[PDB]
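Working notes for the structure below.
We name chains A, B, ... by the order of the sequence lines, and we start the count at 1 in each one. Values below: every heavy atom of this structure, side chains too, minus hydrogens, waters and symmetry copies.
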There are 6 protein chains.
Amino acid sequence: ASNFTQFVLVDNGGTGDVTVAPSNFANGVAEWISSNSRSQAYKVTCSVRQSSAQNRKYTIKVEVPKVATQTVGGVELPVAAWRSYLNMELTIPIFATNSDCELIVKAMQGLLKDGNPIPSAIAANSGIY
Amino acid sequence: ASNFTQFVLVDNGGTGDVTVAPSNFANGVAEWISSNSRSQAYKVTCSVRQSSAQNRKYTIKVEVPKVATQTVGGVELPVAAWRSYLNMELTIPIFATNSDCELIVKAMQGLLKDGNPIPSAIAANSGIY
Amino acid sequence: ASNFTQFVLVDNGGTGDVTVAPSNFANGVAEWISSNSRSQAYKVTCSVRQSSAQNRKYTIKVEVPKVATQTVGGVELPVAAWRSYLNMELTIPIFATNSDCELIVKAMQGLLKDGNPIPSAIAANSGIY
Amino acid sequence: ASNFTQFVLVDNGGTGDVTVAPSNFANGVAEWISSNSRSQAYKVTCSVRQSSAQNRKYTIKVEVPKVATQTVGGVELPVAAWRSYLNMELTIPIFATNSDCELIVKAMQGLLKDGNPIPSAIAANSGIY
Amino acid sequence: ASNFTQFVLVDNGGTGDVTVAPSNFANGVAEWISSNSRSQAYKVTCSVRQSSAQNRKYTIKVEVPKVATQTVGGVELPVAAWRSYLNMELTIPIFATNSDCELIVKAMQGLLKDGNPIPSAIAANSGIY
Amino acid sequence: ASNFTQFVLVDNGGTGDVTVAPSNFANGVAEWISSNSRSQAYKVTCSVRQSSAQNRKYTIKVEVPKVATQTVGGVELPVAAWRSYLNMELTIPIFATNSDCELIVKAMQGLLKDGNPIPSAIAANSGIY
RNA sequence: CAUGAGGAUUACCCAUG
RNA sequence: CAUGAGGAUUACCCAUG
RNA sequence: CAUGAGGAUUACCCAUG
RNA sequence: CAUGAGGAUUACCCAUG
């Protein structure tokens, strides 16, 4: 085994999928990037630290770019018009068993499932009401 | 589309599901909690704001109880040993269309999909290797 | 659901009832007022705060006015001769389950039931003896 | 009308009722307690005074025990995790007649009547939404 | 119950309608925003405060954008060519009954009804003549 | 042709209507006043100016009185117990075509249509909730 | 290290403790 | 934030810690 | 907090009281 | 002239730039 593998970040149903692959592990930060120039790539990073005597903290980051072609000094360069960022920190007590952790994973999946409140608000540029 | 409604946070196959329901709306911060004491409840809060002239920011927090060896309705101290905290911040530039935001939601779903690196690590009390 | 609804504050048996309706939620303070000028209205406010690491505190206020018509500078204005105020604070530990909380509600209802000591003293402008 | 008597604080339908009885009268502060250790008892205290030239003030305090997972007669620490505190202050201008005061009692009963917003929120470990 | 809901700001029949939805309600300022790019969205805000002892004051704001596409260096972004701003303050004495407030609303609707002097002037880039 | 004419400010059907008529147009400020005592009359004013190189600005004001009779020393005068004041500024860039201005007017009418959030709050002495 | 419905051009910065 | 059988013209103020 | 037919890039900025 | 969820007794007054 080894869980540092590539995966589908954006599932557009087999055609136009955004897959992301392992690209670096320097300084304890696992990194993944899509097959693009570094200026237009999707990026995912993850690190874990024992943040206290009794806690462990996962720091995860995702960068979603809006690709574009920009003319700088008369020449065309592949660039990112802008980027959206997701920063998440998860603090889990050292007393959580594997089944306690599975519960946390399920909660995160349920939180973002299509049709639920939060993903619905975000996708519609709206708040909760 | 009034989206502030009850939803399934933890899908256990219909039996043993954890539903979370609207519980507070003070200050634009929407809150949902499971049917438990507040010390053992599943809690979800969400809010949106314009962080700067160029960005909007969603702050989403989730609290998940440690269940193994839990005494339902009891007093469990210290609090930090029985609870996990998830803090998510999503920064989206003001130029993002609904389509752009839909793709951002897909990226979040893909990141946590069953079998992928991040959720596998978290569920196995592991890091990346 | 949504518990921010209108309700009968003073039950004079269907004729002369004082109902109070939602009127504001600015700054996390839920407000209710009767259908009157703001100078003669009954008023109810409620807010909840996590006042400590392990407590939650409800702050509730009720204003009962003595309506009157006052001549100021030769003109008649709807005003309140005086007002009676009820301020209550309820501190509940985060360890209280839903059934523990129902117990608190029942205790408050029993405290004020017709015929019992406290409501009897108040209604008679007397103390307890 | 000597009103300092025993009364039913928690009405559970005749079976499992909680009666509270006169227990102290030191300094004009009337007290009632249930038949329990003082750490697990239901306590009610009440006093009246002339707070200023224009007002009279009733101070009513209620203490309710957390019952779920309670060990009858046992030592439960910390105290703050096993008890809820209600503090009520009622300010009534000296011009209030008995009729005025009767209406004030009705407002308090209406505020806490079953099904209304405030008691529903409290009983469901919720706020207003 | 809630009035912090979605509503039609611009009625262009059944199709082409501009709907504005709740987004944030921080510090007493309710805000509504239309869908899609925040940069090209319609915005409405509202708040109320006790400006003095006798007056309450509403502050309402509306922004109408002129949708356009910006192209800089070959990179196009959805923007607002410019915006029209509406700022209105409404002072209402605390003596106003509900009947009085309904009349105030009728006056506001009448001031802007099709065919009347003011909306006709505005709609035609004109003044009074 | 002229838009400085008489118009219905308050439409109470066909009878009880408040009509306001032209009175003065000095220094770029058009003014309309209802009939009878100036002291109890409704007032509307309007003006436009080039606030800067790119913007034109409308300043509209409305006064709604509460009719009352004042009695001082046995001498009664028709007066206004108090007044409600509406002040609105509308900034419209010089690039706005007539089509753009019609949309701005529709937004203003939509903001105040019966049933929508803002007029409902005002009509009920309420804020947003 | 800790907290922030703190910010960012995102493995950085700020405030508080 | 905490306490007061502290006050008020009641979402404020005071004293103590 | 109050006034402005004060301005704006619109919950900000200015003058006066 | 510009900004203020600044106030008013509302074409006035204030603060800031």
*Nucleotide H:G4, atom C1' - distance to CE of D:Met88 in whole Å*: 18 Å
*Using a strict cut-off of less than 4.0 Å between a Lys/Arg side-chain nitrogen and an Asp/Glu carboxylate oxygen, indicate whether A:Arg38 and A:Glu63 qualify as a salt bridge.*
no
*Are any of the side-chain nitrogens in F:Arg49 or F:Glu89 under 4.0 Å away from the carboxylate oxygens of its partner?*
yes
*If a protein heavy atom is under 4.0 Å from the base, mark B; if only from the sugar-phosphate, S; if neither, -; do that for nucleotides 9-17 of chain G going 5' to 3'.*
SBB------
*Which stems, defined as runs of 3 or more consecutive Watson-Crick or G-U wobble pairs with both pairing distances under 3.5 Å, involve RNA chain J?*
none
*Spacing of B:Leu90 atom CG relative to G:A8 atom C1', expressed in whole Å*: 15 Å
*Between the side chains of D:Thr91 and C:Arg83, does any donor sit under 3.5 Å from an acceptor?*
no
*In terms of the nearest nucleotide of RNA chain H, which residue is placed more toward the 5' end: D:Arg49 or C:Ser52?*
C:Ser52
*Within less than 4.0 Å of OP1 or OP2 of H:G7, is there a side-chain N or O belonging to D:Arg56?*
no
*Please check if the side chain of A:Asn24 supplies one atom and the backbone of A:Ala26 the other of a donor-acceptor pair under 3.5 Å.*
yes
*Considering only atom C1', compute the distance from G:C14 to G:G6 and round it to an integer number of Å.*
7 Å
*asked:* Does H:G6 have its OP1 or OP2 closer than 4.0 Å to a side-chain nitrogen or oxygen of D:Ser51?
replied: no
*Main-chain N/O of E:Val79 paired to E:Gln70 side chain as donor or acceptor, under 3.5 Å*: no
*Minimum heavy-atom distance between F:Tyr58 and E:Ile122, given as atom pair plus value*: OH-CA, 3.6 Å
*Nearest-Å distance for atom pair CD/P, residues A:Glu89 and G:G6*: 15 Å
*Are F:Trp32 and F:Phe4 near enough that their ring centres are under 6.0 Å apart?*
yes
*Atom OH of F:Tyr129 and atom CZ of E:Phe25: how far apart are they, to the nearest 0.5 Å?*
11.0 Å
_For the CD1 atom of E:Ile60 and the OG1 atom of E:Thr45, what is their distance to the nearest 0.5 Å?_
8.5 Å
_Roughly how many Å apart are G:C12 and G:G17, using the P atom of each and rounding to a whole number?_
26 Å
*Roughly, in whole Å, what's the span from CD in B:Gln50 to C1' in G:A5?*
14 Å
